[PDB]
Amino acid sequence: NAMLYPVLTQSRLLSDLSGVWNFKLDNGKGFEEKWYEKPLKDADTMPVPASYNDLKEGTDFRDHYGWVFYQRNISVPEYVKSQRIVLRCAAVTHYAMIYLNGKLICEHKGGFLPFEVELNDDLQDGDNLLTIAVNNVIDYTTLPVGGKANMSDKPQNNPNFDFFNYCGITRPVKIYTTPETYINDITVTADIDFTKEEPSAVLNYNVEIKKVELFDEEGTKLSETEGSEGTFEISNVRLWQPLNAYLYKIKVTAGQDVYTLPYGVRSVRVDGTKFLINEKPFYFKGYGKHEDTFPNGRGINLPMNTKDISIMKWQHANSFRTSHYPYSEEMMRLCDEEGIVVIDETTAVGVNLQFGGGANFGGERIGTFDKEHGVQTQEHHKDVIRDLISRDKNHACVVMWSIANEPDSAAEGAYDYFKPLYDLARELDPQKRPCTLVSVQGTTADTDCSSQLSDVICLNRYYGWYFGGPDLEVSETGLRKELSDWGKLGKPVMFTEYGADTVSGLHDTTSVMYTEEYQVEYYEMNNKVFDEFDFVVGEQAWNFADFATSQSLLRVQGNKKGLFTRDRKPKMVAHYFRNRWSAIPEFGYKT
Amino acid sequence: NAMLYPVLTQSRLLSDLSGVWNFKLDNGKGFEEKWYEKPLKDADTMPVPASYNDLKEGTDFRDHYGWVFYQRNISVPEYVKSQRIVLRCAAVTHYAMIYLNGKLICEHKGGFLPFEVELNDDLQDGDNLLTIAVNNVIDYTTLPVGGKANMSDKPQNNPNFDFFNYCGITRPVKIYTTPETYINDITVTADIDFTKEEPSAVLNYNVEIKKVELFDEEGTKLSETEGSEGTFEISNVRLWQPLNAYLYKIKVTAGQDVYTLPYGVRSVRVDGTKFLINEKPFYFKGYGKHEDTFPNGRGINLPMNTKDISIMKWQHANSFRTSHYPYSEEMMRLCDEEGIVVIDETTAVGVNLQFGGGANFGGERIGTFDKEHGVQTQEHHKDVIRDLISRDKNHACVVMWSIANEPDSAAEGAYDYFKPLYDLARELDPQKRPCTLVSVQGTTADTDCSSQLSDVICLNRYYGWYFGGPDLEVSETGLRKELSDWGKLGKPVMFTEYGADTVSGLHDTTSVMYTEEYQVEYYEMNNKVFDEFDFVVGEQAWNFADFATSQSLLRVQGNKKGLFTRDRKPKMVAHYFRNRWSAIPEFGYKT
Amino acid sequence: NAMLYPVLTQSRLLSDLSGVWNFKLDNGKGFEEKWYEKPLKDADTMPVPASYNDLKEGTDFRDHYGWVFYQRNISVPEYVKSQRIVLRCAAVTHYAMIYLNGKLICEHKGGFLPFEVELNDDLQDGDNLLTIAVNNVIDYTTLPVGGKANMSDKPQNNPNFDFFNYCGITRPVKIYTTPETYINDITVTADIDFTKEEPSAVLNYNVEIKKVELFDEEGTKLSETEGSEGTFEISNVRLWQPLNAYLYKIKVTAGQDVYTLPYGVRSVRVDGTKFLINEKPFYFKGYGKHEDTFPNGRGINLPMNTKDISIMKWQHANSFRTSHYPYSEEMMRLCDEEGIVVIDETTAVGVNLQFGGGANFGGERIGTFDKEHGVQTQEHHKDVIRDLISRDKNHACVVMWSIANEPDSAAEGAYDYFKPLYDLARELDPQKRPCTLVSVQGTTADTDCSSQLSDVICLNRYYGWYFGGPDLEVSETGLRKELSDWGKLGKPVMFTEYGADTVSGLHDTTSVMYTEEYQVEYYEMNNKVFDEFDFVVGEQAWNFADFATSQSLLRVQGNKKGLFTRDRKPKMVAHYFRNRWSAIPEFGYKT
Ligand SMILES: O=C(O)[C@H]1O[C@@H](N2CCN(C3=Nc4ccccc4Sc4ccccc43)CC2)[C@H](O)[C@@H](O)[C@@H]1O
Ligand SMILES: O=C(O)[C@H]1O[C@@H](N2CCN(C3=Nc4ccccc4Sc4ccccc43)CC2)[C@H](O)[C@@H](O)[C@@H]1O
Ligand SMILES: O=C(O)[C@H]1O[C@@H](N2CCN(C3=Nc4ccccc4Sc4ccccc43)CC2)[C@H](O)[C@@H](O)[C@@H]1O
């Protein structure tokens, strides 16, 4: 349910278990021989946190099918078993199974959101053998979704999505402590009064448990209130803004336990064809990104996180989307301090069995939401919407939720699949932030169950690449026509993906596809049409940087639609966008 | 003096402070306004650990001169002030100044070796403001050495060495605990009896403090001895080998404190023209490397550390040198588990004022060891040899010490400068491992104070690049002649650097410098001559991968002598070496 | 003396001998064995026209020293010996020696200008063995100048200039015919009357020999005059313009011989700080180029010539300079039709013994114009100014003459060396077009013998590369100061070279030298200062495209200062200039 970001507290420790662990690829005989009971024989080395896929050589290791075993000796002091000892796994991709001294203690499905387990009971005295087994198999029951081919009898994951299936202990595995009665969750909303020309705010609060002090940026304490629930009143409040963050601090002392949380006071609501942040008409400038670096894979990369942010501010972007899964907690906290607008997105990519040849049962092609042969994820999909919104509910950076990336949202079953999730999203988000789903090419205003369920229309369109390339003038005609029609909903339309594979170094004065000149022309065509429609409130390119995918004829050593290379070096287009975004403000570009 | 690697212990905590800290570049008014007393106003963000140089945009930030301020709120629990609270800085580059709540508590010179401070006294109750200031200025008093030009009035570091002056909190800043009477140091040597065809060993031990148990790889406990000093006897001992490591474990319980250490039992001594590991004739296959990745700078990179090791084993290398500074503790422990031969090297690069135009006092060119105007580092140089050997004395991977890289070792003052350091190196190394210094081009057997002080001759030669390029046949003649002469010392000769700048992607059937074909021909010429001399016991290419340097006409976006690119992608030469090293064994290549 | 471009004529044939000839590298015994008498034994193949250097593999072939032998069987019909049979060598680099059936018939020094020989006498009946020997040795007697090192006993050319010493039959070797009394030369000037708002012109003419008809573009015949000398009067004349050429045709029928010549009527004179084409204030937009393509070397490349022109018009350039030698006749005729302003430049590069360490006779460093040990080229230098101006005197494209590229023009002897050449240049150019010399970095207004001899000041400056790089702000200060001072001559100043080596593909958001971002910043800095001075009338970047040079540490597989790669693919800077030159007109940018 509730996962608070572990951070050093007068009440709580925090011991990062990150390092080189023992590691062994599982064969068929891994569990049969209960490798978790005894130290791993003939073991290899593996850093944690990290995707393991690129950290050893050979295709058989990169493309491994199934389980791997991590193992590390753990040891707490007796003088601290007094407090309760929690194990927090920031993320294990995809499915984890945690053993201690040989006994199962936790299982988790879902490889991109945190989970924890309590250790006091089975935590012995001395060096205990911690073993985490990680499974990477994807299918019709996982988010993301594994298919049966590219989007031999040798078992083989086949992603129904266009990124590499990086797995392992993606994010840090820490340990922290907690008074036996402790702060378990905290929720903070903000009603802002833009009536006073010098606006002020009142901050609802509540603390779940099983004394509240407010400070400003510099540590200036300002007010205090007692108890579980209550309120705060701030006048001349410093509003969190895009590219101009301000974080108040919040100290919740309750019993022998105290936790601090940064918070930004910020308004967001949609109003006709206008996305309004602090009651001003916003325009998204940014991109769809990945957690993808070398050689960490999906592994958390704090230096790259900061370098990416620096490149955004250098480029005059203001937002990105957590395509196609929730990002690290550290990244979220970082865009809080840095003032980056996030579109927080779930792991629900590949809910769409039209990709490739799909799957044919009884010779008949199976539809996405066929209830016997199609996707079997809505239960898991709901837990994801639950854990995600619980984890990130307080981040001022989060301005909206993306429930799915390119689902078969114009097919039979789609509305009935997505309605309970949209409902759960608006039910659980204390700030009632707008929800959306990113619509695959092919859908229309009429046919897209997004046209009703979603507060904002988010399109992934590829006119001038997949559709119309290399003829950019013909493709522009296509883009205007489809874009016009979307205006008939009187909702905000924004593009969450559009791009063109571009191999850094390829050029021609008379451009062809894959060259840097073509990439720039492609975006000039699209951006020209975007500017013609005052209900278009955002442009986010795909992708921020080149990233790794499964191999196919259509993937030139990964996805090459980045504006920057995988090591964040600009392509010519990166300087095109920097110059365009320099003349487009965060607020009032449309009005 | 003694720095043991902090790791979770039944007796000791370990709380990694790594994360995004507050950060501010210092102007002239930083200390005058005592920024350490109050939280940093108008502050920026910066991950730790990491070099800060590449993590924000703009030359003024990359090329910053002077101080920067890191700042993080810290907080321990009262239920633990019982134990002593230590702050361990794995490395701060170059000069650190640690404040707590506004009061100085530690200073350190030397940016590549660990130091600690005790916190109990000034560690208050609640959230304490931790501030670390970092200085990057280099000169004639620092190791490495800063010069006065490339190797305006605007203050400017000018490295007297060919890598970029990456600074910041390079390595992790952790906190661990310790019973008020604790294990402060541990030393373990090994006398091995190769008389028994099934060799066995006795392991001297000693514990400095202010119960010893032995286990094997799997945790099998084998023996026990009590007290500070003592011994162990192992028969049919499993010897740590190159590319075939075996680590025993060692559990030292003393009082309420217990620490475990991995140890590999291994022999090393030189014998005429033979470098002998476990009394067998070794041959170094590997490279000189850097701690250099993007965007971490010199910052510790555990995933790359493991990926590098995988590439070595893939390439059939067996060794590298910590050019030109001690590497992270984690890396050292890793080559212990992985069986990689290390040449542990100090920060003593640029002890050589002949680089560039040098410096001219009174119009006369200043010699390196001029006692009034030359280098002023021998005092610091000794502390480095002290801290380094103390830190890494137990690593089986360490096979030798490099006291300096390319000092002016054929100049007046050189012997008198290096003798006390060589002496201190052999005095302090409990295993009496061979010592050397890496000799710059130009020195001869006759003129090099290395010919007497050093157990092994380590050459950085560039015949076919700087010297003779592009004429490889003329250059080969030069290399044979100089290499012949070195054979007259009857000592082991090995090359620690040789290479050719190569821009990945450049090619010609008829090669020119900077192409991949030239790089391969260059190494074919050199390697041919190396094979002609049975006293040559090692080949280590410069460099393992492309890395960043200061800008100059001669540096094509860094140093391009890597066999791999900065993101570890092979150049054609990498496959040349893989194929050559496949047919060269670790032992008996020479005999 | 006079070389008219051979073209099919009712009076004259033209048989192109271009093809695969026999070819043999000369060893020491080539002439001793009179290989020219008998067909080449053990011969190789070689296309003509072409530089031979890159057309076979191996450094010994590329870096060959001395002579090579071309050989082709020739054969004319008897029914045509009636007319006189001429052999025209468009260019042989450097020194040629033409044999026929074994007998010497011609010698030529100078590898970039046409020469001919008459064949009737020694032209037998049947298949005659034509043999051309080509020498590539350069030294203090050749233009360009060969030095004694980079700018073993094994003989070796060492260019005193920064391009590769490509040699062979660079340009076509044709045969044409001629009535025994024939048109040998033609000269046409134009006095233009800009008094009439609808300007008109009178065209002086003269024909040297040993009927004149005028047509317009479409073949419209307009007027006629008889005899050797005479005149033409044209009203409402269509003026040849930059980027808007108009070529009249001219049919000179004299006896049994008739030749046609295209001509553009165009005015050029300098007036204070103004370069005036057709009495309007011109501004050069373009570059310094090379005749350099793969694999032709310096060999003529008509398709690239046209592709280059297309790229100029695409980029909005209007001019280039024939750095550093006269280009092909075909190229000149092409910029006539295309309206490209040419700066016609001689082979006089490397008249400057300060490059490198120079040469030291008697231990004393030899000055450039030292009359016993220095350059010995002024005699040859005059013949070059003679042949060049004779060849290209009628090309409307030629707007100016460059007598030398970067001579030691601020040294003792310089004025006395250049005065007789400047004089000869103005004496021989019927149109009295302005003359200049391109000034190496280091010279000033005061010290440059160009400040007096030259009508226009042409600078090769590298502030922000060689001088000041990577500090572009410091370098800009330097450039303004030197540029200011040049304004004190009240003459037109233009830059004929400025640039920065840039390896296509290298990038950083925070730029370093050799990246594409640095190249663009470099030109932004320079171009900013150029715009501050209304006496600056031209910007020509070095270079149009990457080109081949001798190997050295400072040459990353050739010269990388091109805006385009060697295969004419744009670097990012090419699009920077295209966008800047789009807003700068050909006329009136300054006024
Ligand atoms: O274009 C992109 O790279 C991004 O856009 C979207 N895909 C969704 C699917 N479709 C096409 N893609 C793929 C993807 C993987 C392998 C092969 C293809 S063949 C193809 C052929 C014609 C038209 C379309 C496709 C559109 C692109 C995803 O949301 C995002 O994951 C992906 O990265
Ligand atoms: O060649 C390498 O890249 C490595 O080898 C060694 N240097 C030592 C010095 N010298 C030359 N170098 C440099 C280095 C930096 C800037 C400029 C130069 S100009 C030069 C010109 C002619 C001969 C030699 C040089 C040899 C190389 C160092 O030990 C190691 O730090 C360095 O990385
Ligand atoms: O920069 C360019 O590439 C062009 O500009 C001009 N040279 C003239 C000489 N000098 C430098 N050059 C060279 C050239 C060849 C080899 C090595 C060098 S080291 C150097 C070091 C510091 C300052 C200058 C130089 C200026 C550049 C020529 O006119 C043109 O031939 C050449 O191509």
# chains A, B, ... in the order shown; residues from 1 in each chain; ligands from 1

$ residues_around --residues "residue 540 in chain C" --least-positions-apart "2" --cutoff "12 Å" --atoms "only C-alpha atoms" --output "PyMOL selection string"
chain C and resi 283-289+312+317-323+341-343+438+458-461+493-499+523+526-527+530+536-538+542-544+562-563+577+581

$ write_last_selection --atoms "C-alpha atoms" --output "mmCIF file, in the first residue's frame"
data_model
loop_
_atom_site.group_PDB
_atom_site.id
_atom_site.type_symbol
_atom_site.label_atom_id
_atom_site.label_comp_id
_atom_site.auth_asym_id
_atom_site.auth_seq_id
_atom_site.Cartn_x
_atom_site.Cartn_y
_atom_site.Cartn_z
ATOM 1 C CA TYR C 283 30.974 40.838 -49.889
ATOM 2 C CA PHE C 284 32.686 37.471 -50.281
ATOM 3 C CA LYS C 285 30.727 34.500 -48.909
ATOM 4 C CA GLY C 286 32.493 31.209 -49.410
ATOM 5 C CA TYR C 287 35.602 29.287 -48.612
ATOM 6 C CA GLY C 288 39.144 28.276 -49.433
ATOM 7 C CA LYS C 289 39.046 24.959 -51.263
ATOM 8 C CA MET C 312 27.668 26.367 -52.589
ATOM 9 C CA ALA C 317 28.082 31.059 -50.733
ATOM 10 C CA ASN C 318 29.269 33.080 -53.715
ATOM 11 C CA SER C 319 33.056 32.652 -53.901
ATOM 12 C CA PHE C 320 36.090 30.528 -53.270
ATOM 13 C CA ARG C 321 39.843 30.797 -53.678
ATOM 14 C CA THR C 322 41.906 28.358 -55.700
ATOM 15 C CA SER C 323 43.975 27.480 -52.623
ATOM 16 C CA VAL C 341 33.438 34.544 -57.836
ATOM 17 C CA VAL C 342 36.930 33.029 -57.960
ATOM 18 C CA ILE C 343 40.133 34.256 -56.364
ATOM 19 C CA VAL C 438 47.344 35.794 -48.341
ATOM 20 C CA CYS C 458 43.577 38.819 -47.230
ATOM 21 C CA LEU C 459 44.175 37.260 -43.817
ATOM 22 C CA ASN C 460 44.570 33.642 -42.675
ATOM 23 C CA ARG C 461 43.830 33.990 -38.950
ATOM 24 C CA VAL C 493 40.191 43.503 -45.514
ATOM 25 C CA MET C 494 38.860 39.964 -45.986
ATOM 26 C CA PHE C 495 39.611 36.635 -44.314
ATOM 27 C CA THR C 496 40.686 33.888 -46.714
ATOM 28 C CA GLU C 497 41.136 31.280 -43.952
ATOM 29 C CA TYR C 498 39.746 30.661 -40.481
ATOM 30 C CA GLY C 499 38.532 27.374 -39.058
ATOM 31 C CA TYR C 523 32.825 30.672 -36.248
ATOM 32 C CA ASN C 526 34.896 35.196 -35.433
ATOM 33 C CA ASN C 527 31.848 36.194 -37.466
ATOM 34 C CA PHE C 530 33.980 40.490 -38.652
ATOM 35 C CA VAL C 536 35.842 43.747 -43.846
ATOM 36 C CA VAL C 537 34.485 42.770 -47.274
ATOM 37 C CA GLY C 538 34.783 38.992 -47.205
ATOM 38 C CA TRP C 542 39.045 27.117 -44.358
ATOM 39 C CA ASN C 543 38.214 24.641 -45.675
ATOM 40 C CA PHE C 544 35.247 23.749 -47.893
ATOM 41 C CA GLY C 562 36.138 21.254 -43.641
ATOM 42 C CA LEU C 563 32.579 22.403 -43.214
ATOM 43 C CA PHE C 577 26.873 29.005 -42.460
ATOM 44 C CA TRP C 581 24.815 33.405 -45.546
#

$ closest_atom_pairs --of "chain B" --to "chain A" --cutoff "7 Å" --atoms "only C-alpha atoms" --output "tab-separated table"
residue	atom	partner	partner_atom	distance
B:8	CA	A:75	CA	6.1
B:9	CA	A:75	CA	5.8
B:10	CA	A:77	CA	4.6
B:11	CA	A:77	CA	5.6
B:12	CA	A:77	CA	6.9
B:14	CA	A:15	CA	5.5
B:15	CA	A:15	CA	4.3
B:16	CA	A:16	CA	5.7
B:39	CA	A:218	CA	6.0
B:41	CA	A:218	CA	6.7
B:47	CA	A:303	CA	6.0
B:55	CA	A:307	CA	4.9
B:56	CA	A:310	CA	5.4
B:57	CA	A:310	CA	6.3
B:74	CA	A:8	CA	6.9
B:75	CA	A:10	CA	5.3
B:76	CA	A:10	CA	5.2
B:77	CA	A:10	CA	4.6
B:126	CA	A:10	CA	5.9
B:218	CA	A:39	CA	6.0
B:295	CA	A:303	CA	6.4
B:296	CA	A:303	CA	6.0
B:302	CA	A:47	CA	6.2
B:303	CA	A:47	CA	6.0
B:304	CA	A:295	CA	6.4
B:306	CA	A:55	CA	6.3
B:307	CA	A:55	CA	4.9
B:310	CA	A:56	CA	5.4
B:314	CA	A:57	CA	7.0

$ write_last_selection --atoms "N, CA, C and O atoms" --output "short mmCIF file (atom, residue, chain, number, x, y, z; two decimals), in the first residue's frame"
data_model
loop_
_atom_site.label_atom_id
_atom_site.label_comp_id
_atom_site.auth_asym_id
_atom_site.auth_seq_id
_atom_site.Cartn_x
_atom_site.Cartn_y
_atom_site.Cartn_z
N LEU B 8 28.95 -4.13 6.59
CA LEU B 8 28.00 -4.43 7.70
C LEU B 8 28.62 -5.45 8.65
O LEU B 8 29.17 -6.46 8.16
N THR B 9 28.55 -5.19 9.96
CA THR B 9 29.12 -6.11 10.97
C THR B 9 28.16 -6.24 12.15
O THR B 9 27.56 -5.23 12.53
N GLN B 10 28.04 -7.44 12.72
CA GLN B 10 27.19 -7.62 13.93
C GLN B 10 27.51 -6.50 14.91
O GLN B 10 26.62 -6.14 15.70
N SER B 11 28.72 -5.95 14.83
CA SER B 11 29.16 -4.93 15.78
C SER B 11 28.96 -3.51 15.23
O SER B 11 28.77 -2.56 16.00
N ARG B 12 28.95 -3.36 13.91
CA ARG B 12 29.01 -2.07 13.23
C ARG B 12 27.85 -1.90 12.25
O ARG B 12 27.49 -2.84 11.52
N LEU B 14 26.37 0.49 8.90
CA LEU B 14 26.97 1.19 7.77
C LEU B 14 25.84 1.89 7.02
O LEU B 14 25.02 1.23 6.38
N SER B 15 25.78 3.21 7.12
CA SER B 15 24.72 4.01 6.50
C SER B 15 25.34 4.83 5.37
O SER B 15 26.07 5.80 5.62
N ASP B 16 25.06 4.43 4.13
CA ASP B 16 25.59 5.14 2.97
C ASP B 16 24.89 6.49 2.83
O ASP B 16 23.67 6.55 2.69
N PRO B 39 22.41 26.54 6.08
CA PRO B 39 22.10 25.83 4.84
C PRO B 39 22.38 26.69 3.61
O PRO B 39 22.14 27.90 3.60
N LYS B 41 22.18 28.74 0.59
CA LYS B 41 21.15 29.49 -0.10
C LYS B 41 21.38 29.44 -1.60
O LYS B 41 22.52 29.39 -2.07
N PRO B 47 24.72 14.75 -7.32
CA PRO B 47 24.80 13.40 -6.75
C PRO B 47 26.15 13.19 -6.08
O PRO B 47 27.15 13.81 -6.42
N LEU B 55 28.61 17.24 -14.76
CA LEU B 55 27.22 17.06 -14.35
C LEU B 55 26.39 18.33 -14.49
O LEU B 55 25.18 18.30 -14.22
N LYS B 56 26.99 19.44 -14.91
CA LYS B 56 26.25 20.65 -15.27
C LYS B 56 26.86 21.20 -16.56
O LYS B 56 27.96 20.81 -16.96
N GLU B 57 26.14 22.11 -17.20
CA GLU B 57 26.60 22.55 -18.50
C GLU B 57 27.42 23.84 -18.37
O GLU B 57 27.36 24.53 -17.35
N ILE B 74 22.23 15.40 8.17
CA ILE B 74 22.52 14.10 8.73
C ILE B 74 21.75 13.96 10.04
O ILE B 74 21.33 14.94 10.66
N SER B 75 21.56 12.71 10.46
CA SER B 75 20.79 12.45 11.67
C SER B 75 20.87 11.00 12.13
O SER B 75 20.41 10.08 11.45
N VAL B 76 21.45 10.80 13.31
CA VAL B 76 21.60 9.48 13.90
C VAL B 76 20.56 9.30 15.00
O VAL B 76 20.01 10.29 15.51
N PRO B 77 20.29 8.07 15.44
CA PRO B 77 19.40 7.90 16.58
C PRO B 77 20.18 7.90 17.88
O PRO B 77 21.36 7.55 17.95
N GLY B 126 19.39 15.32 16.70
CA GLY B 126 18.54 15.88 15.68
C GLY B 126 19.26 15.92 14.34
O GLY B 126 20.27 15.24 14.11
N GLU B 218 32.89 -21.47 0.73
CA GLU B 218 31.48 -21.78 0.95
C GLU B 218 30.99 -21.44 2.35
O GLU B 218 29.80 -21.65 2.64
N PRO B 295 28.64 9.93 -17.05
CA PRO B 295 29.21 11.26 -16.82
C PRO B 295 29.89 11.35 -15.45
O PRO B 295 30.08 12.46 -14.97
N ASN B 296 30.22 10.21 -14.83
CA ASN B 296 30.65 10.24 -13.44
C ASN B 296 32.02 10.90 -13.25
O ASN B 296 32.33 11.31 -12.13
N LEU B 302 30.51 1.18 -10.06
CA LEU B 302 30.53 -0.26 -9.86
C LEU B 302 30.07 -1.03 -11.08
O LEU B 302 30.73 -2.02 -11.43
N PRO B 303 28.98 -0.65 -11.77
CA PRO B 303 28.63 -1.41 -12.98
C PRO B 303 29.75 -1.41 -14.02
O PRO B 303 30.08 -2.46 -14.58
N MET B 304 30.38 -0.26 -14.27
CA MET B 304 31.49 -0.29 -15.23
C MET B 304 32.64 -1.14 -14.73
O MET B 304 33.27 -1.87 -15.51
N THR B 306 32.52 -3.87 -13.12
CA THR B 306 32.24 -5.26 -13.46
C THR B 306 32.25 -5.47 -14.97
O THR B 306 32.71 -6.52 -15.45
N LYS B 307 31.76 -4.49 -15.73
CA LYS B 307 31.77 -4.62 -17.18
C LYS B 307 33.19 -4.62 -17.73
O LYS B 307 33.52 -5.42 -18.63
N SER B 310 34.58 -8.03 -17.13
CA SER B 310 34.04 -8.98 -18.10
C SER B 310 34.77 -8.84 -19.43
O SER B 310 35.05 -9.84 -20.11
N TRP B 314 36.91 -11.60 -21.34
CA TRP B 314 36.57 -11.80 -22.74
C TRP B 314 37.79 -11.63 -23.62
O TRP B 314 37.95 -12.35 -24.61
#

$ residues_near_ligand --ligand "ligand 1" --cutoff "7 Å" --atoms "only C-alpha atoms and all ligand atoms" --output "number ranges by chain"
A: 151, 161-163, 405-406, 440-441, 460, 466-467, 497, 542, 554, 559, 561

$ closest_residue --among "C:560, C:88, C:298, C:62" --to "ligand 3" --atoms "only C-alpha atoms and all ligand atoms"
C:560

$ closest_residue --among "C:171, C:221, C:491, C:324" --to "ligand 3" --atoms "only C-alpha atoms and all ligand atoms"
C:324

$ residues_around --residues "residue 256 in chain B" --least-positions-apart "4" --cutoff "8 Å" --atoms "only C-alpha atoms" --output "list in words"
residues 11, 179, 181 and 182 of chain B

$ write_last_selection --atoms "C-alpha atoms" --output "compact mmCIF listing (two decimals), in the first residue's frame"
# COMPACT_ATOMS: atom_id res chain seq x y z
CA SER B 11 29.16 -4.93 15.78
CA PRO B 179 32.35 -0.67 20.04
CA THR B 181 37.10 -0.76 21.96
CA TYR B 182 37.24 -2.04 18.39

$ residues_around --residues "range 195-198 of chain A" --least-positions-apart "3" --cutoff "12 Å" --atoms "only C-alpha atoms" --output "list in words"
residues 191, 192, 201, 234, 235, 236, 237, 238, 239 and 279 of chain A

$ write_last_selection --atoms "N, CA and C atoms" --output "mmCIF file, in the first residue's frame"
data_model
loop_
_atom_site.group_PDB
_atom_site.id
_atom_site.type_symbol
_atom_site.label_atom_id
_atom_site.label_comp_id
_atom_site.auth_asym_id
_atom_site.auth_seq_id
_atom_site.Cartn_x
_atom_site.Cartn_y
_atom_site.Cartn_z
ATOM 1 N N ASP A 191 -5.046 23.473 -1.164
ATOM 2 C CA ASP A 191 -5.998 24.401 -1.753
ATOM 3 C C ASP A 191 -5.346 25.777 -1.775
ATOM 4 N N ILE A 192 -5.209 26.336 -2.973
ATOM 5 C CA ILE A 192 -4.521 27.600 -3.187
ATOM 6 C C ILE A 192 -5.542 28.654 -3.557
ATOM 7 N N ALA A 201 -2.067 29.876 0.700
ATOM 8 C CA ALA A 201 -2.504 28.492 0.573
ATOM 9 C C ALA A 201 -2.775 27.894 1.945
ATOM 10 N N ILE A 234 -0.626 29.328 4.908
ATOM 11 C CA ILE A 234 0.539 30.065 4.437
ATOM 12 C C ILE A 234 0.059 31.197 3.543
ATOM 13 N N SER A 235 0.503 32.414 3.837
ATOM 14 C CA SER A 235 0.198 33.571 3.012
ATOM 15 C C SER A 235 1.480 34.111 2.400
ATOM 16 N N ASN A 236 1.342 34.723 1.225
ATOM 17 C CA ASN A 236 2.494 35.038 0.386
ATOM 18 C C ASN A 236 3.295 33.768 0.108
ATOM 19 N N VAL A 237 2.576 32.681 -0.184
ATOM 20 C CA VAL A 237 3.201 31.379 -0.377
ATOM 21 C C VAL A 237 4.069 31.405 -1.627
ATOM 22 N N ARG A 238 5.228 30.750 -1.556
ATOM 23 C CA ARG A 238 6.117 30.622 -2.706
ATOM 24 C C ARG A 238 5.701 29.386 -3.502
ATOM 25 N N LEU A 239 5.098 29.608 -4.668
ATOM 26 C CA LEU A 239 4.554 28.513 -5.461
ATOM 27 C C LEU A 239 5.659 27.758 -6.193
ATOM 28 N N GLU A 279 -3.001 27.768 -12.326
ATOM 29 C CA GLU A 279 -4.015 28.565 -13.018
ATOM 30 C C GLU A 279 -3.432 29.387 -14.164
#

$ residues_around --residues "residue 94 in chain B" --least-positions-apart "2" --cutoff "8 Å" --atoms "only C-alpha atoms" --output "JSON, numbers by chain"
{"B": [92, 96, 109, 110, 111, 112, 134, 135, 136, 137, 167, 168]}

$ select_by_dssp --residues "range 45-289 of chain A" --states "helix (DSSP H, G or I)" --output "ChimeraX atom specification"
/A:59-62,78-81

$ select_by_dssp --residues "range 94-220 of chain B" --states "strand (DSSP E)" --output "ChimeraX atom specification"
/B:95-100,103-108,115-118,128-135,173-178,183-188,191-193,200-202,205-209,212-215

$ closest_residue --among "C:586, C:271, C:185, C:208" --to "residue 390 in chain C" --atoms "only C-alpha atoms"
C:185
